[PDB]
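Just so you know, the sequences run in chain order A and B.
Letter by letter, the first sequence follows residues 16 to 44, 60 to 333, 344 to 356, 385 to 454, 459 to 515, 529 to 690 in PDB author numbering.
Letter by letter, the second sequence follows residues 16 to 44, 60 to 333, 344 to 356, 385 to 397, 550 to 690 in PDB author numbering.
All residues carry an ideal CB built from backbone N, CA and C; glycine is no exception.
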Amino acid sequence: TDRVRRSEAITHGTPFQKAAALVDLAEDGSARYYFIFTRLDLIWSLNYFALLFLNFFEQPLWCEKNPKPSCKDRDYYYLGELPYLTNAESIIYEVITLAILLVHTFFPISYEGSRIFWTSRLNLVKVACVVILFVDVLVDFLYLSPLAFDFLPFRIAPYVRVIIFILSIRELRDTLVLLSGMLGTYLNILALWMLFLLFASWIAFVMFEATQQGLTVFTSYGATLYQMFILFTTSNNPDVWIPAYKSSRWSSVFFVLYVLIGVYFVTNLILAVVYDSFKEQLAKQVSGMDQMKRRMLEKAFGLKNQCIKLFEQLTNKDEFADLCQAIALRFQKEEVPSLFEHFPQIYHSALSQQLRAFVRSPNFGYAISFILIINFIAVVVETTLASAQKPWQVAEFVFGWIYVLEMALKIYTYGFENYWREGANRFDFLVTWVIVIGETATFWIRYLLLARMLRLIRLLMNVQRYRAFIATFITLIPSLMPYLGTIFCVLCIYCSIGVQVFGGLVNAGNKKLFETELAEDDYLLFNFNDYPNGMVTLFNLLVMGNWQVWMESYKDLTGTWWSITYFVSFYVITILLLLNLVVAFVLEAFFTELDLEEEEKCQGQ
Amino acid sequence: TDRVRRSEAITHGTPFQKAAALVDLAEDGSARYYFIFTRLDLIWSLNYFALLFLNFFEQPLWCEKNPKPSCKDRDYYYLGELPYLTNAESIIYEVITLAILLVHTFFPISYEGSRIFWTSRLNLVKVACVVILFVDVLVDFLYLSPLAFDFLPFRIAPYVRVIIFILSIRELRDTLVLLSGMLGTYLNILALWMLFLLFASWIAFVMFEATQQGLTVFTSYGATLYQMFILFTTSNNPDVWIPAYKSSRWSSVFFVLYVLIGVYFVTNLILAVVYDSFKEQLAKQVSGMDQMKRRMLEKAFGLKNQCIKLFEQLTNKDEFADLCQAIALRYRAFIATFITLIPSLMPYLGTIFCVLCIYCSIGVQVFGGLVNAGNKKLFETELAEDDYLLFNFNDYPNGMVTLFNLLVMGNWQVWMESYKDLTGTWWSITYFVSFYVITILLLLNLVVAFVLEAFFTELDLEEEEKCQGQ
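1. Name the residue from A:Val-575, A:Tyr-551 and A:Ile-193 whose alpha carbon lies nearest to the alpha carbon of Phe-675 of chain A.
2. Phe-262 of chain A to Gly-292 of chain A, Cα distance in whole Å?
3. Over what stretch of residues does the alpha helix (DSSP H) that includes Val-548 of chain A continue unbroken?
4. May I have the straight-line CA-CA distance separating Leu-81 of chain B from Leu-163 of chain B, to the nearest angstrom?
5. On a CA-only basis, which of A:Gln-321, A:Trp-74, A:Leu-397 and A:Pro-268 is nearest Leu-610 of chain B? Give me that one, please.
6. Count the other CB atoms, across all protein chains shown, that sit within 10 Å of the CB of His-134 of chain A; report buried if there are 16 or more and exposed otherwise.
7. Show which residues of chain A have a CB atom less than 9 Å away from the CB atom of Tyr-275 of chain B.
8. Cβ of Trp-271 of chain A within 8 Å of Cβ of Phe-285 of chain A?
9. Can you say whether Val-591 of chain B is buried or exposed, counting buried as having 16 or more other CB atoms within 10 angstroms of its CB?
10. Take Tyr-216 of chain A as the anchor and find which of A:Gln-688, A:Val-671, A:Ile-658 and A:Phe-587 has the nearest alpha-carbon.
11. Which chain A residues are close to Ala-302 of chain B, counting only those with a beta carbon under 8 Å from its beta carbon?
12. Counting only Cβ-Cβ distances shorter than 9 Å, please list the residues of the segment 626 to 641 of chain A near chain B, keeping chain order.
13. Please identify the residue among A:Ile-121, A:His-27, A:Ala-158 and A:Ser-198 whose C-alpha is closest to the C-alpha of residue 362 of chain A.
14. Just to confirm the assignment: which complete alpha helix (DSSP H) runs, minimum length 4, are found wholly within the segment 178 to 249 of chain A?
15. For residue 47 of chain B, which of helix, strand or coil comes out of DSSP?
16. Quick one: measure Cβ to Cβ for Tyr-579 of chain A and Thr-205 of chain A, integer angstroms, because I've assumed they're closer than 8 Å.
17. According to DSSP, is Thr-26 of chain A part of a helix, a strand, or is it coil?
18. Should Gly-244 of chain B be labelled buried (16 or more other beta-carbon atoms within 10 Å of its own) or exposed?
19. So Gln-89 of chain A packs on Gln-353 of chain A, CB below 8 Å; how close in whole Å?
20. Could you work out which residues of chain B lie near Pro-268 of chain A, taking near to mean beta carbons separated by less than 8 Å?
21. Alpha helix (DSSP H) containing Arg-398 of chain A: first to last residue?
22. Do you know how far the Cα of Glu-600 of chain B is from the Cα of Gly-594 of chain B?
23. Of all Cβ atoms in chain A, is any one closer than 8 Å to the Cβ of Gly-110 of chain B?
24. At a cut of 8 Å, does the segment 580 to 589 of chain A reach the segment 616 to 634 of chain A through at least three beta carbon pairs?
25. Would you say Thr-485 of chain A and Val-575 of chain A are within 8 Å of each other, going by their C-beta atoms?
26. Given this structure, state the Cα-to-Cα distance separating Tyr-107 of chain A from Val-671 of chain B, to the nearest angstrom.
27. Listed in chain order, which residues of the segment 204 to 224 of chain A have Cβ atoms closer than 8 Å to some Cβ of chain B?
28. CA-CA distance, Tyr-532 of chain A and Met-237 of chain B?
29. Measuring only the C-alpha atoms, how far is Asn-298 of chain A from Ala-36 of chain B?
30. So is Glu-511 of chain A buried or exposed if we call it buried at 16+ other beta carbons inside 10 Å?
31. Taking one C-beta from the segment 297 to 311 of chain A and one from the segment 208 to 227 of chain A each time, how about it: are there three or more such pairs within less than 8 Å?
32. If you reduce the DSSP assignment to three classes, tell me which class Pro-273 of chain B lands in.
33. If you check the beta carbons only, do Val-160 of chain A and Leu-115 of chain A fall under 8 Å apart?
34. Measuring straight from C-alpha to C-alpha, what distance separates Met-538 of chain A and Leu-397 of chain A?
35. Determine the direct distance from the alpha carbon of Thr-650 of chain B to that of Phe-181 of chain B, and round the result to whole angstroms.
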């Protein structure tokens with residue numbers, strides 16, 4: 016019960032207790063109102079997620095301008111399968127979440143102090159965002175009366191919801207501070223890339239001037255630069271230069287050289303510059319956190345006898389910082405009592421310790437692992453069947473109980489704390505409960534059986550080699566969350582733009598559609614006609630198989646080359662920057678894991 | 016200046032100048063006959079290169095079986111534009127390059143001394159390769175005459191020419207030696223990748239078992255694993271799961287998760303393992319180089345006037389090697557990186573090109589001849605739908621450009637499907653699978669790591685220069 020002890024010691028503890036708490040919470044990274067607001071922090075978090083999720087269910091703007099047919103003909107408009115809110119439902123949940131937001135944003139005035147509240151920038155920006163949302167909601171509500179407005183051309187709330195979400199979750203804000211560091215360096219390598227495309231497409235344009243390649247593909251410098259930009263992604267390779275190769279096999283040399291330089295040099299040079307600037311900005315950022323950590327330690331200090349008394353609390385300035393950092397890096401945190409040591413003859417009778425050693429024994433692991441292999445054999449045999461399967465319900469139940477027992481013995485040997493502190497044990501816990509629930513409810530099957538397959542990953546987890554890769558993966562998964570969230574918020578902004586600009590054109594009546602590559606390649610459900618559909622289309626533009634099919638199709642559907650600016654800017658922001666950041670993160674992760682085991686060896690030697 | 020003074024000093028100079036030559040050539044990184067051998071290096075190189083390029087102009091063997099129509103109707107077989115040598119020319123250039131190769135491979139027999147030469151296994155393997163070439167050339171000559179043979183099923187010379195070329199250039203031979211060590215680590219992450227595909231494809235097959243995705247795309251576990259393997263490359267995205275998305279939009283959650291894990295995690299992990307194991311082998315190589323340089327300098331030492349006479353020649385036991393080491397002394553950063561990276565990368569791009577040569581030779585023997593205007597099946601294939609028919613294996617250039625197209629991983633499954641359906645045998649996929657495993661997941665990831673290392677070296681170098689000037 017750490018958090019309650021901490022908050023009690025902070026609010027009511029004696030100065031030595033307060034100091035000990037301040038240092039403990041430094042090691043772990060009006061105070062009553064702050065604690066209350068922290069307890070409400072779950073409510074605030076869920077409200078901010080619901081505030082963003084409203085974008086998925088709000089009815090698309092183009093449905094309001096009286097389409098014929100109505101948007102109920104989701105086949106005619108190739109629309110999604112999520113529902114769209116009525117106006118009534120939208121006004122209900124928009125009102126509830128805006129009211130909770132106003133409460134959330136202004137409640138800190140009760141404890142921060144107004145001079146602080148207005149001196150602080152993050153406050154002023156959140157006040158601006160909530161004001162903008164209040165205005166746009168009140169406008170959209172007043173439009174319930176036709177006297178209020180005749181027409182509404184555009185809507186701003188879909189963007190401000192995302193901004194408020196970004197400003198609410200600090201780790202996203204610190205990721206955007208990092209990114210708005212490295213962006214200035216990134217513009218130089220982006221410029222060198224552009225200048226390379228310009229030159230290469232000028233050479234191509236001169237070289238093919240009167241060939242069939244010129245006359246049917248490189249018809250002008252602009253089309254050349256565009257086709258070459260696509261070919262830098264290689265997505266149109268070899269298709270874009272087949273006419274050249276038909277006219278002279280030697281033409282292949284120019285395109286092989288262009289692809290080779292583009293894919294293996296420049297793409298990697300951009301990656302290297304992004305990786306460098308990431309590493310620089312991350313080291314710069316973390317140094318600021320270490321400095322704040324010192325500021326907190328200096329407060330804990332300011333609040344031989346003093347050293348003895350602090351070490352006495354530990355039994356539960386430069387000297388202080390050194391001692392605290394040393395003991396922190398040297399020693400693990402204090403033990404947590406079980407609920408069961410209170411029973412001497414139960415918990416402490418040597419039969420207990422003997423069973424504890426047994427469950428801890430290696431041969432117990434050998435037994436359980438062999439049983440798990442047998443469970444794998446059991447399920448692989450069972451999936452040969454689809459009433460003959462009925463007896464395998466017995467095997468299902470038996471393995472269910474076996475996992476209940478294993479989990480129980482695990483908590484019997486590592487409590488709740490050292491059990492749940494291990495991510496493997498957490499996965500065990502979850503899959504145990506879900507399958508035990510399924511089986512005890514049994515005693529749709531084809532779908533729930535995928536959980537019985539999912540449990541088989543334990544066979545990989547046990548492997549002495551792969552455990553290193555799996556540990557890299559398991560630490561990387563939570564560590565990537567804010568960068569994936571940054572990408573997802575950019576996708577939300579881009580989808581909103583797509584829904585407003587391109588939504589509604591992909592319908593069965595638009596005869597131009599059946600001229601597009603979408604209708605030729607059958608991609609028709611990957612339209613922007615609603616937010617879900619745009620969101621999955623944007624996943625396709627991210628992995629960017631066939632991505633130019635959309636850029637061509639919507640160029641042709643809109644009739645202006647400016648439609649391309651959406652996909653070009655999307656490529657520049659997501660692929661060339663943010664995803665290369667994620668790549669750098671994975672490389673730093675694995676090499677840190679290798680460095681960590683190299684340190685473990687060097688210190689053990 | 017330098018090279019003449021060095022060889023002159025080594026052959027005729029005073030021993031103090033001989034030491035000076037040894038140290039100067041160490042700074043710059060019967061000996062008369064070794065000097066002749068070294069000066070001929072250009073002729074040796076050009077002979078090896080001609081022997082390698084011979085594969086581009088040797089007539090494809092399936093034409094020698096006399097098809098109808100003949101390979102004179104190049105359009106009917108979508109053939110390239112390079113000449114095919116006559117039997118006369120092929121015999122002439124094979125004999126000439128064999129004679130010059132025999133000369134080169136025997137040339138060290140004098141200056142190395144027979145026991146030493148034949149003791150060194152690199153000579154022995156070269157001799158095995160050259161004897162194989164001699165035997166196969168003699169067989170090819172006999173096969174000109176009906177008395178010796180009626181037919182020969184398989185021709186080995188196209189491979190051994192590449193093997194001899196790899197053995198001949200030290201920068202290549204050391205590149206493949208470096209590469210051969212990390213393979214034992216590369217096979218582990220390859221096992222993890224295989225196990226991942228197998229399990230993910232099993233979940234896919236059972237999840238969709240009765241759906242339209244199952245009833246059209248994932249019809250058997252085999253088809254599932256194949257389609258998922260292509261989807262790991264992302265090259266069949268979104269195509270493979272459009273039926274699932276038509277039946278229920280929630281299907282997309284599984285394929286999005288599969289692609290995300292495949293790309294941004296596992297492939298990057300394969301890059302990380304290859305990168306680290308390369309950096310390990312590079313470190314071992316450069317440590318071996320430093321050790322060898324020291325051993326040479328120690329020999330040069332073995333040969344106060346002591347100092348003065350050397351400081352005199354320098355105008356051109386550790387104590388000596390340490391002396392030698394002492395007496396050895550916006551876009552600009554990117555552009556310097558790019559400039560130096562090219563002559564640094566030449567070994568690896570060259571090795572990749574040699575692997576393509578082996579694969580192209582296999583391609584011309586196994587698949588060559590299938591893509592022709594009379595093949596009724598061909599017009600059912602994706603090759604014909606996408607008008608890719610010039611990208612075939614009917615001659616060596618065509619195969620080489622097809623192999624480049626696979627190396628860029630553009631539409632690469634078109635050929636794998638089309639040639640599977642042409643060859644009528646699922647085993648044809650092994651060509652493209654093994655190619656992807658060897659070139660993309662290993663060698664080109666190595667190239668990536670080499671580029672990144674070059675860039676970070678350039679940033680460190682300019683930071684060092686700045687800090688030392690500060």
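So, from the listed chains and residues:
1. Among A:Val-575, A:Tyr-551 and A:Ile-193, the Cα nearest to that of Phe-675 of chain A is on A:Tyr-551.
2. Going from the Cα of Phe-262 of chain A to the Cα of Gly-292 of chain A covers about 6 Å.
3. It is not in any alpha helix (DSSP H) - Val-548 of chain A carries neither H nor E in the DSSP assignment.
4. Their backbone Cα atoms lie some 11 Å apart in a straight line.
5. It is A:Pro-268 whose Cα lies nearest to the Cα of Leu-610 of chain B.
6. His-134 of chain A counts as buried, since at least 16 other C-beta atoms from the protein chains shown sit within 10 angstroms of its C-beta.
7. Chain order gives the chain A residues near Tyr-275 of chain B as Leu-610, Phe-611 and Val-621, where near means a beta carbon separation below 9 Å.
8. Yes.
9. So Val-591 of chain B ends up on the buried side.
10. It is A:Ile-658.
11. Correct list: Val-671, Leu-672, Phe-675 and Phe-676.
12. Residues are counted here when their Cβ sits less than 9 Å from a Cβ of chain B; for the segment 626 to 641 of chain A these are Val-628, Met-629, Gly-630 and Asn-631, given in chain order.
13. No coordinates are present for residue 362 of chain A, because the numbering of chain A runs from 356 directly to 385.
14. Whole alpha helix (DSSP H) segments, 4+ residues: 187 to 198, 200 to 237 and 242 to 246.
15. In the model as presented, chain B runs from 44 straight to 60, which leaves residue 47 of chain B without coordinates.
16. Between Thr-205 of chain A and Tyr-579 of chain A the Cβ distance is about 18 Å, and since that is not below 8 Å, they are no contact.
17. Here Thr-26 of chain A carries a helix assignment [DSSP, helix/strand/coil].
18. So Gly-244 of chain B ends up on the buried side.
19. The pair is not a contact, with the Cβ atoms about 59 Å apart (cut-off 8 Å).
20. The contact set of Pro-268 of chain A on chain B, defined by CB atoms closer than 8 Å, consists of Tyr-608, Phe-611, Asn-625, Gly-630 and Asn-631 in chain order.
21. Looking at the DSSP string, the run of the alpha helix (DSSP H) that includes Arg-398 of chain A is 386 to 398.
22. Rounded to the nearest angstrom, the two C-alpha atoms are 13 Å apart.
23. Against chain A, the CB of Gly-110 of chain B has a partner CB under 8 Å away; the residue lies at that interface.
24. At 8 Å Cβ cutoff, the stretches touch.
25. Between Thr-485 of chain A and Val-575 of chain A, the gap from beta carbon to beta carbon reaches 8 Å or more.
26. Distance between the alpha carbons of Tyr-107 of chain A and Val-671 of chain B: 48 Å.
27. Flagged, chain order: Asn-218, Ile-219 and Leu-222.
28. In this structure, the alpha-carbon of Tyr-532 of chain A lies about 7 Å from that of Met-237 of chain B.
29. If you take the alpha carbons of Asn-298 of chain A and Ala-36 of chain B, they lie about 42 Å apart.
30. So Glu-511 of chain A ends up on the buried side.
31. Yes, they touch.
32. Three-state result, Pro-273 of chain B: helix.
33. Contact: no.
34. Here the C-alpha atom of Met-538 of chain A lies approximately 41 Å from the C-alpha atom of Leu-397 of chain A.
35. Each residue's Cα considered, the two are about 28 Å apart.
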